[PDB]
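Enquirer: coords please:
(2 chains, ligands or ions: 6)
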Protein chains: 2
Amino acid sequence: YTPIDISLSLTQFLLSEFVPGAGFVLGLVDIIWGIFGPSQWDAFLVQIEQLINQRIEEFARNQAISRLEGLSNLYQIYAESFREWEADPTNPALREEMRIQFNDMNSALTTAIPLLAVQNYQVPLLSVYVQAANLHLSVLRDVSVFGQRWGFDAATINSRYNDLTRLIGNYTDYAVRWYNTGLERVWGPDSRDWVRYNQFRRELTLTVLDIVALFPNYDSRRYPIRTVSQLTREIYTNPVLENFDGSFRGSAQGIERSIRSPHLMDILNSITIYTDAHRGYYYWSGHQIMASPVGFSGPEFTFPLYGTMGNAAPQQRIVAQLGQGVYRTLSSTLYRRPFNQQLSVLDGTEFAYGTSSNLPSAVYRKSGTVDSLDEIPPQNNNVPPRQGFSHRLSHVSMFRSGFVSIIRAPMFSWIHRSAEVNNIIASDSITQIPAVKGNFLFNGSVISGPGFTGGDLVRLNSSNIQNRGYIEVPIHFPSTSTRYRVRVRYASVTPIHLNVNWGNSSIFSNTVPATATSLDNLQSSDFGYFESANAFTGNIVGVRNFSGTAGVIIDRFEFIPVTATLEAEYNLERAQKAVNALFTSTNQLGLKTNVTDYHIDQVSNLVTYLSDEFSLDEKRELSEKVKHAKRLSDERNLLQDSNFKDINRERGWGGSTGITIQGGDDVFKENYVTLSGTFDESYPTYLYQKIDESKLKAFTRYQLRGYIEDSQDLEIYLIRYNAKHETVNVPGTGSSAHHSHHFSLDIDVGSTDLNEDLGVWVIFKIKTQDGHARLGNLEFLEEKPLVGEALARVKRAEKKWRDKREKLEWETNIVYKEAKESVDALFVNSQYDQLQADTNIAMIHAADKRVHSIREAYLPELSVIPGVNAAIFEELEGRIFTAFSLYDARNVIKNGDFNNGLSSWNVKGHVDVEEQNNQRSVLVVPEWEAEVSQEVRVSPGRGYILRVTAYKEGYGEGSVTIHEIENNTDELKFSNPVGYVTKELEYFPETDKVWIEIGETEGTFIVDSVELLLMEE
Amino acid sequence: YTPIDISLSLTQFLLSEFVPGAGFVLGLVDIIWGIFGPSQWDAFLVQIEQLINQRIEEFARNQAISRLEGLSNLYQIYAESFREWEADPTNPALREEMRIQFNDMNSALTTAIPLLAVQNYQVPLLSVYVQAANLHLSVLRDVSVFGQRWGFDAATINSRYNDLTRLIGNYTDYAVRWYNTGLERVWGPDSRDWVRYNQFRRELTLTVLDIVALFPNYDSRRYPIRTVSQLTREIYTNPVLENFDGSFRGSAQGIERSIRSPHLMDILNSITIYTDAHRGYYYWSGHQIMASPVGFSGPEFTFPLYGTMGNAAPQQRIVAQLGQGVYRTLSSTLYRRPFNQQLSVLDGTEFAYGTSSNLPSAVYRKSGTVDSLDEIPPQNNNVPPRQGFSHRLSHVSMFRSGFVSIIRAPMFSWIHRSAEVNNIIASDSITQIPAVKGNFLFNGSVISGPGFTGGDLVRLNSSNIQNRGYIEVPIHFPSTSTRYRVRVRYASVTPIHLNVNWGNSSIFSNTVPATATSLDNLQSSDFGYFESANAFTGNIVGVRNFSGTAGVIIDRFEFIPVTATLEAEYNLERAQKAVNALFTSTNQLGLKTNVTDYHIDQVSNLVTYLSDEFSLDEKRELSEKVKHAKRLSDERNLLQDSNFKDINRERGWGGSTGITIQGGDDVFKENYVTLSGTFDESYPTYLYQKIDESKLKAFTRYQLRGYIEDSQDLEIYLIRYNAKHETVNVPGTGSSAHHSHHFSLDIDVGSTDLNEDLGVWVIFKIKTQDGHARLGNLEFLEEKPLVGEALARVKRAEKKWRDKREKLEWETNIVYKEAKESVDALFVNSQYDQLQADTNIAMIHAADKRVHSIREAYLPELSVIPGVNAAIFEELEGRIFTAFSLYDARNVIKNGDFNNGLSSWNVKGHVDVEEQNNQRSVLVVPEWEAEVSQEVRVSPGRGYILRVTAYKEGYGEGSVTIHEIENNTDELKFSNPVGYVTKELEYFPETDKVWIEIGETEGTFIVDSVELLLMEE
Ligand SMILES: [Ca+2]
Ligand SMILES: [Ca+2]
Ligand SMILES: [K+]
Ligand SMILES: [K+]
Ligand SMILES: [K+]
Ligand SMILES: [K+]
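Expert: Numbering: from 1, shown residues only, chains lettered A, B, ... in the order given. Ligands and ions are numbered 1, 2, ... in the order given. Take a look:
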């Protein structure tokens, strides 16, 4: 019969029937607006006014009640019109009437609510304010569903939808704010203050917060179908204190502390009660509580003894989880306060259970007349209290004092019955399980709700790895066969990566957005949602806070029944949006330049995951477009042989050993490239390609880019007017150092000239042993035309390369002449047939060094790439290689150069042949006892030239001598940056054998070549 | 017929029959020692001498061959004795002969090997050295298995077992070292140098490394039963280069680079060959290779074109994976070298396949007579080459030059056939899969093996989280029903945490030891093992490097068939060792003091995981002991109610609200405690307990300790002579900040005195809101007696507390007297019946402050704990509370104190009642227009005293006035750190009603109390 009774009846309706329709519209009239007079509105104001002890100003109060009246009358019209329209949807008069009534309803409300929020009296007005706002939200939510069907145009529906969500927030934040400051205003130091304080809290939770808690569910778009919330907050009664005919000083903090702080929800299993005695008055002195987690999903637990052990009588375990729990307490109080020792306790209490039928009430000692049901009344008056109660007993703590006065004041928590002992998932509606109904909290806290949630929330803390915040909720599924998408309501001040598990499998893991800008004063719009992409049928549900850095508030888990067509639709929209975002324009004719080749690959992946069972028509369509995008990417890609199909087959890819092409990957979806290291720095692993001038456009930046799975020591070159080069090390990822796998590199074209034919060299190099790379999706592309500084830089670069060429082209005319003449002086001039008789090796070597002083025969960066001067260097060095060949053939001495180490030589001591300047091999005689010798056949009577090219380290003299058996021995002697002397002599063997013998006196002797030749002109 | 043929025949035996027994002993004689003369040993030396071009010194060489001979003769005796003993194990003569022959065999070998390792010629001796060492290891491995059965005593078997493992390392490191420096010694700049170089490498891999690679398997204890290894190394042939009748200058680096660097193993699928033409000579100009990963577990891949495309003739795909792969190439070479252009290529090659039957050979163009089978001969000569080959063709790369001379020199990799195309797991032997046979390498490299592994290894790099190094190997199980323990051979320089997965499940995750002290020059003993604890029956196998910091080399995976009894045994030993390590001594009578209660809990967990099917007898036994340990822990534990069964039931645990006891946990196995925060700092969450002097021993340190799952703001107190206190924050873990969950805290006892009864207070406190702890397994224990500094510190602490008491005990005699007299002055002296007529509130308040200047009525740290002065403070404050009660009852004014705010008062303006010093409530008149008034009933004719206690802020005068209707109004006026004035007057009502009215002129007026009293003596 009181506002709390009325609220609880709305609360039940809102929990059980929350779904757009005539049942809803009709529900509000029957419960409230159709059946309330001005005395009912008066009654509501008095409830809070009495409490806070100050009445609303009369004009304001008068204004308030006549508005509420205006609205009863209005809404009755809207409801009656709604009803009739429902019965005949197509009747245009019934529809116009719907439109008009809606408009008028929206006017009145917008105007009347500010009059229920009037300064200085916001508090005593709140619950009624809450009423008008609950109603405002539903008409807005109506028009957003039925608007179209009534004849409103989309423009006007979205405007009023935007209003709807603007106002879920506003109205909620308002109520919550004034509840707070009303609550604080009524706090005070004594037990009397506490009674008013708690009574405020309890009454206003019942007529205010509970409704507000349901306000989100008006979001038609978030909650298209029936959606069931659960209120988990606790409310408190305290018999002893609540009708103590006095007040205990400075006790209200002590009393308030005897309420349990924020916890995971638990079921009250039993109370075991201790009787003590004072002047032959027997009383409840202490007691003990057992409890279980939600869903008896854990073992039971307990708490330290409340109050004090007593032994005046046996003790009495009262079991609470029988039927549906305890819904009522009838308590006997005792106050002995004899004229002058003092007593304030309970001598008995009945605990009564909720049942669809009947259960004997468990009595501690005796019943009494301090009925809890005055304070926590039933929600349903169509049945006995045992059936129609609103609350279950949740815990019984205690405020105590001890040995001048005795206080034993048991404190009763009542949780709302919408808080089910188990977490059962429906299948025809969205089910809301608040995270607080969980049973495993690792690295995080429960912290009291701000009022607009129905209860407390879960904080998961920031990390690092094995310290991830985690909340686990047990959940039962009546219907196995039902497919659900999970949605989570959360709050964070930063974007956080979150993983949601279901059973042992992880159904969501990505970074969700921020929603707030501080987690301390939490406002309605501070919360948000995310959902799994798919829908499924394990038996628990969980969230993990992956962030090392920030925390996250988890409100509630939401299970959303879904058909397979719905599923296929969600993913289609998602993928359709992806493909479209590749193109510049609405006609899909061009790619956005900053869309990379690899990106187009990620997006195509999305398409192939679409159902073949429900989306084929519209999936094929999408795959047309993404293939089309890709084709356009290949069009803009200026590199030949993109997929490395023809490396080395010259005008495509140039490549070395230590490369590998596999077709695909964890990362790559197309042919890609693996490069491994080298054992010698001079023999690098290289993939290169020239880009033809004819494909380039003047005065334009170009961009080399691609994707590297991972990398170490990867050397990347871009070469036109000069070479730029990155070294690139990129670690892999799972699912100095580059944090990104995308790379890019820019170069700028000046004037293009086909005749000069610069182009752009693209070169990938690895010159170390540990060393590697995995890359693909390589593009070379046109980016932007050159403007401002970049332009003047390029003009400077070309101009500067232009000046470097002229220089080079001048110095090369000198040197070539010089080298070419030195080359010619080696030969008998008759076209590369013969060496002059008297040209020696040092000469060949000297000519060689004049050839190798040619500066751009080969590109510095990678010397397999011919330079400006490749043509002319090449011909001269071949004339040189011819020359060494001729030197060798004519030498009557086998291996006189030491080019084959020591073969064809007879060696006595310790001697070595070491290479010194290019292929050039030298004999080292390190000690005088060593002897290198060769027997040579000759033509007796002919004449020979013995030529030695060598030098002498240190003291003494090096010798090459020559002889036959007995008298005919002759000698070449050497004594004294690194340069050789050439000596010779004429020898005339008497016989058919000669001996050549190399030796020395001391120090070290070094011989380049020993030659023996016929004198023949 | 050559040493390479002989080696390959041993190699096959060692791969296929590696198992202790007579088959093994008999195998070595038949293959080697029983059938070799001195010419065979000569032959071996010549193989390497010819190669390195320098013969061994004659004495050394002579010595060497006669030792090898001594050993042929000896081992023939040992083998014949082994054989005969096998046939009749119990015959004591056959057993004595076994013992003797073993001793002699061990002597000869120990003496002869140093003569095969002689300075200056270690290299040319190596392979023969390898032979003698292979043999040494097996006799050692024999005696370690059969030793006991021959009659050797355990002392001598373990000595020779220790020798065995000492020498697997030594002999391996030796061989490997000299292979290295022999190989380097023979490197050189030209193609000729390369031929010798590679020929060395290839021949010495075949006669040396391969054997050495098998050396570990001699570890009887690691390999109790048959164990099969796989050689994965590649060897190389190069037809063109290998019988080029000359040498190409500075080409050996170029040639060497045409060998593939370290890779995951792959199967050669096909070669597709390009014919070109030069002067109407048709040649192999280029070619392309396809390959697949091991087990065709991946898609195929390819490589950039080898050589150069040619079009002189069609092109020719030759398929390699037919039969068992290509085992042979017969190659035609071409050398045009016309007197003066140059050519060095192949004009044809036959590829022949390995089959149990027959397959036509695929011919490129034509066969030739450069048979690969001269270089890579068969292992089995009991069958045609097609069946008995040792190698499969593995890859064909190329060394090239191009457009003076042309070189097209295809390079053939041969992998040993023990490298199976698939990774098949046997069931009757241990199967060794080298990690290199994997198909997924993430964050790591393959790097060339050191020689003693059979092939290359896998490096997994240091991290951070989604960059864990990982190696995945595909594996087939012929027999589903077989149970295997996985063992991994690895190397690391630090202890690393490693996770091994099998299929999708993770079968090992813990930190394994270091084995090495640098990963660069890897020695035999640098490797180690770890194993899963259990044994299982997924289809791949993997290791992940969990370290953020260090790298790890993975060699090979080892699968070990096991029965269920074996399993149950492994875990029993493991748990038996755990339980024993709890006790001080061999009689399990005492606990080791540094074994914590929680530790005993971890160890009991280990016991409950033992099989009930195979271990019951010996598991029950173990559970007796661990329960016994635990019982002893409770014995030493000096805390009452360890498992928090009786908190608050006073002489056990003292506890507040916001505590919870659950029975067990992810962490705790026994009753444990959860504390949550507080809303007010003055109302903390507390668990405390005193420890009785009678349980303490003089001059001894004690230790408080326990385990905290997690914690924040946990305040821990230890109190005797003074209080020490930690604040403790401990993050949780998965499976300022404390990195450990174990805590401890120490205190020291001086002299114990039962009369003074200090004890030790143990207090857990949380005084903040965010704030929590989860702890259990709490012990208070005796640690050690006090010695040295600690002793003199404690003597100082007690002495100092002793001096603080005397002080306290002196000051308390003064104050108590003072306070007690002030208390008494309040009363009419007749036992606490009445207040003196003229004692006012300020007096009561002044007396109160003299009571509350009592210094240790309550323990500072937690004021629920009575102090020295709790008794005397308590009585006096009750006399005070009596006094306030009396003040109130006699005041004819209702609520004249403002202790119930403003009730019983009529208020006109804005006025407030604020609490100021304890419960003391004051009326604040802030403005002159305000009016607080009360109508009081009186007895006409009697006489009353109107007393006011108040003061005046600022200007003007505060008034309390009193009156009846018309002429009888009188007044108390107040004008002018925080202290009150008391005024009064005598009033005599003519009527039955009086009015009391509080007011003021301006400024602010503050009233403590207004009292009206009858004058009655
Ligand atoms: Ca030379
Ligand atoms: Ca007062
Ligand atoms: K906020
Ligand atoms: K152009
Ligand atoms: K090492
Ligand atoms: K004692």
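Enquirer: CA only for contacts and neighbour counts going forward, please
Expert: Noted.
Enquirer: the residue of the stretch 201-350 of chain A found nearest ligand 2: what secondary structure?
Expert: Across the stretch 201-350 of chain A, the shortest distance to ligand 2 (C-alpha to the ion) belongs to residue A:249, at 11.5 Å. Taking DSSP: H, G, I helix; E, B strand; the rest coil as the rule, one finds residue A:249 in the coil state.
Enquirer: for residue A:174, helix, strand, or coil?
Expert: helix.
Enquirer: distance check, the residue lying closest to the residue of the stretch 201-350 of chain A closest to ligand 2 once chain neighbours are set aside against residue B:657.
Expert: Excluding the flanking residues, the one nearest residue A:249 by C-alpha to C-alpha, 6 or more residues apart in numbering or on different chains is residue A:190, at 4.8 Å. With distances taken as C-alpha to C-alpha, to the nearest Å, residue A:190 is found 20 Å from residue B:657.
Enquirer: now residue A:181
Expert: Residue A:181 sits 27 Å away from residue B:657, going by C-alpha to C-alpha.
Enquirer: the more surrounded of the two?
Expert: Comparing residue A:181 with residue B:657 by other C-alpha atoms under 10 Å in any protein chain shown, the one with more neighbours is residue B:657, at 26 against 11.
Enquirer: contact partners for the more buried one?
Expert: A:257, A:258, A:260, A:304, B:685 (C-alpha atoms under 8 Å, 6 or more residues apart in numbering or on different chains).
Enquirer: now it: how far from residue A:574?
Expert: Applying C-alpha to C-alpha to residue B:657 and residue A:574 gives a distance of 52 Å.
Enquirer: ditto for residue A:832
Expert: Separation of residue A:832 from residue A:574 (C-alpha to C-alpha): 75 Å.
Enquirer: again with residue A:614
Expert: The gap separating residue A:614 from residue A:574 is 15 Å, by C-alpha to C-alpha.
Enquirer: where along the stretch 151-300 of chain A do the helices fall?
Expert: For the stretch 151-300 of chain A, applying DSSP state H, counting those that start in this stretch gives helices covering A:154-185, A:191-204, A:210-214, A:239-242, A:252-257.
Enquirer: where's the second one relative to the chain centroid, distance-wise?
Expert: In this case it means helix A:191-204. The chain centre lies 47 Å from the centre of helix A:191-204; the measure is C-alpha atoms, centre = their mean, to the nearest Å.
Enquirer: for the stretch 651-800 of chain A, which segments are assigned as helices?
Expert: Using DSSP H, counting those that start in this stretch, helices in the stretch 651-800 of chain A cover A:788-824.
Enquirer: tell me which residue of chain A is furthest from the middle?
Expert: residue A:967 (94.8 Å; C-alpha atoms, centre = their mean).
Enquirer: any idea how far ligand 1 is from that residue?
Expert: 31 Å (C-alpha to the ion, to the nearest Å).
Enquirer: residues contacting residue A:926?
Expert: A:910, A:911, A:1003, A:1004, A:1005.
Enquirer: again, only this time at 7 Å
Expert: A:911, A:1003, A:1004, A:1005 (C-alpha atoms under 7 Å, 6 or more residues apart in numbering or on different chains).
Enquirer: likewise residue A:445?
Expert: A:458, A:459, A:460.
Enquirer: in a markdown table: these, plus distance to ligand 3 and neighbour count.
Expert: Putting the contacts of residue A:445 into a markdown table (distance: C-alpha to the ion, whole Å; neighbours: other C-alpha atoms under 10 Å in any protein chain shown) gives the following:
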| residue | distance to ligand 3 | neighbour count |
| --- | --- | --- |
| A:458 | 16 | 28 |
| A:459 | 15 | 26 |
| A:460 | 17 | 25 |
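Enquirer: dump those residues to CSV, plus distance to ligand 1 and secondary structure.
Expert: Below are the contacts of residue A:445 laid out as CSV (distance: C-alpha to the ion, whole Å; DSSP: H, G, I helix; E, B strand; the rest coil):
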residue, distance to ligand 1, secondary structure
A:458, 84, strand
A:459, 81, strand
A:460, 78, strand
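Enquirer: ligand 5: which of the residues you listed is nearest?
Expert: residue A:460 (46.6 Å).
Enquirer: just list whatever residues bridge to that closest one.
Expert: Counting by DSSP bridges, residue A:460 is bridged to residue A:444, residue A:552.
Enquirer: name the residues of stretch A:872-884 that are buried.
Expert: Residues of stretch A:872-884 classed as buried: A:873, A:876, A:877, A:879, A:880, A:882, A:883 (neighbour count, 16 or more other C-alpha atoms under 10 Å in any protein chain shown).
Enquirer: what is the burial count for residue A:556?
Expert: By other C-alpha under 10 Å, 23 other residues sit near residue A:556.
Enquirer: how about it: what's its closest non-neighbour residue?
Expert: Closest to residue A:556 by C-alpha to C-alpha, 6+ apart is residue A:434, at 3.9 Å.
Enquirer: OK, contacts around that neighbour?
Expert: Contacts for residue A:434 were tallied using C-alpha under 7 Å, 6+ apart; they are A:555, A:556, A:557.
Enquirer: the second one - that's part of a strand, no?
Expert: Right, the one you point to is residue A:556. Yes - assigned with three-state DSSP, residue A:556 falls within a strand.
Enquirer: so what sits opposite it in the bridge?
Expert: Per DSSP bridges, the residues bridged to residue A:556 are residue A:434, residue A:489.
Enquirer: please determine how far it is located from residue A:602.
Expert: Taking C-alpha to C-alpha as the measure, residue A:556 falls 33 Å from residue A:602.
Enquirer: try residue A:10
Expert: Residue A:10 is 51 Å from residue A:602, by C-alpha to C-alpha.
Enquirer: neighbour count: these two, which is higher?
Expert: A side-by-side neighbour count of residue A:10 and residue A:602, using other C-alpha under 10 Å, places residue A:10 first with 21 against 14.
Enquirer: pretty sure the more buried one is touching residue A:29, no?
Expert: No - using C-alpha atoms under 7 Å, residue A:10 makes no contact with residue A:29, being 10.5 Å away.
Enquirer: okay, now the residue of the stretch 151-300 of chain A found nearest ligand 3: neighbour count?
Expert: Nearest residue of the stretch 151-300 of chain A to ligand 3 (C-alpha to the ion) works out as residue A:173 at 10.6 Å. Other residues lying near residue A:173 total 20 when counted by other C-alpha under 10 Å.
Enquirer: and residue A:654, bridged to which residues?
Expert: As assigned using DSSP bridges, the partners bridged with residue A:654 are residue A:688.
Enquirer: tell me the contacts of it?
Expert: The neighbourhood of residue A:654, defined by C-alpha under 7 Å, 6+ apart, consists of A:647, A:648, A:687, A:688, A:689.
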